[PDB]
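In: PDB entry and its sequence, pasted below:
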Amino acid sequence: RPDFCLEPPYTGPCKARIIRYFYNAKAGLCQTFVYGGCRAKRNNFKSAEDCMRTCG
């Protein structure tokens with residue numbers, strides 16, 4: 001898998017309430033997190049399917 005799949009989820013500093021998906025390598029699956037709408041890192045997907053396709 002790409003090494004960005006190992007990053008902790010990153011909310012960033014902005015105030016939005018956007019549900020995104022990150023890969024949790026210890027758990028071996030994607031989970032949801034709240035992204036704040038700026039400064040997204042790479043481990044940040046718009047669906048579980050894209051997250052698992054990229055990082056599974």
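Out: Cool, the structure landed. Numbers count the residues shown, from 1 in each chain.

In: which SS class is the residue of the chain most remote from its centre?
Out: In the chain, counting by Cα atoms, centre = their mean, residue 15 sits farthest out from the average C-alpha position, at 16.9 Å. Of the three states, residue 15 takes coil under DSSP: H, G, I helix; E, B strand; the rest coil.

In: List the single closest residue to it in space, sequence neighbours excluded.
Out: residue 36 (5.9 Å; Cβ to Cβ, 6 or more residues apart in numbering). Where C-beta positions appear, they are placed from N, C-alpha and C, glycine not excepted.

In: Enumerate every residue touching the residue most central in space within the chain.
Out: Residue closest to the average C-alpha location in the chain (Cα atoms, centre = their mean): residue 22, at 2.4 Å. Residues near residue 22 by Cβ atoms under 8 Å, 6 or more residues apart in numbering: 7, 9, 30-31, 33, 43-45, 51.

In: quick one: which of those sit in strands?
Out: Secondary structure from DSSP state E places 30-31, 33 of the contacts of residue 22 in strands.

In: hmm, which of those residues are the buried ones?
Out: The neighbour count (16 or more other Cβ atoms under 10 Å) marks 30, 33 as buried among the ones in strands among the contacts of residue 22.

In: between the ones in strands among the contacts of residue 22, which is closest to residue 2?
Out: Nearest to residue 2 out of the ones in strands among the contacts of residue 22 is residue 30 (Cβ to Cβ; 13.9 Å).

In: Count the neighbours of the residue lying closest to that closest one once chain neighbours are set aside for me.
Out: Spatial nearest neighbour of residue 30, chain neighbours left out: residue 51 (3.8 Å); criterion: Cβ to Cβ, 6+ apart. Residue 51 has 23 neighbours, counted by other Cβ atoms under 10 Å.

In: Then residue 45?
Out: Around residue 45 there are 19 other residues, counting by other Cβ under 10 Å.

In: Could you do the one 3 residues further on as well?
Out: A count of nearby residues for residue 48, using other Cβ under 10 Å, gives 15.

In: For residue 12, see how far away residue 18 is.
Out: Residue 18 sits at a distance of 10 Å from residue 12 (criterion: Cβ to Cβ, to the nearest Å).

In: Would you mind grabbing the residues shared as contacts by these two?
Out: 35-37.
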